[PDB]
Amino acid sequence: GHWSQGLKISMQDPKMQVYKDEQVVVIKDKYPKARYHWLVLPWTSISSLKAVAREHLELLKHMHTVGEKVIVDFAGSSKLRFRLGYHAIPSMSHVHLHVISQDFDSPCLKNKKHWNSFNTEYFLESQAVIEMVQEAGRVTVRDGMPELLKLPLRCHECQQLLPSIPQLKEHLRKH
């Protein structure tokens, strides 16, 4: 479906370009799952994590550095915590780096898949991906990622199990 190309379309639209250089583009996540949620995409598209090889190393490092720069330039005075990583089995085409604040306070965060895709090992940290390409030369993704998306809701700050999304969002207010 044409919906899966949204990232390539949006990153080519100057009105959506939070940041741009000769290597990458940054856009706001159209349906953000937190107060701050950006996506970093390279101009030279990569199909999936399986296609990543050592030639992509510096680019991945650049995507990480740019993500941290966007935090400084557009959320510097914030005390929030941030994580940078990739979804093991994404839905939108063209690999993209998630840069998202750990409040997870947003109406677009609506279901269990949303939560677990940022708060389970389904969320592959950027620094860990960079490490695999630097040493092994490829990105290895363990099995069972679809099951992680169906796990009961667990708080990422205190590890408490919650029974529903609404009760989770109320719990997050304590942190």
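Numbering starts at 1 and follows the sequence shown.
Per the PDB record, of the two stretches 135 to 143 and 121 to 129, 135 to 143 carries the greater mean B-factor over its C-alpha atoms. Checked against the record, the higher mean CA B factor of 87 to 95 and 73 to 81 lies with 73 to 81. Residue-level temperature factors show residue 64 in the middle third of its chain, judged at the C-alpha atom.
When the modelled residues of the chain are ordered by C-alpha B-factor, residue 53 sits in the highest third.
Split the chain's modelled residues into thirds by C-alpha temperature factor. Residue 150 is in the highest one. When the CA B factors of the chain's modelled residues are split into thirds, the value for residue 164 lands in the lowest one.
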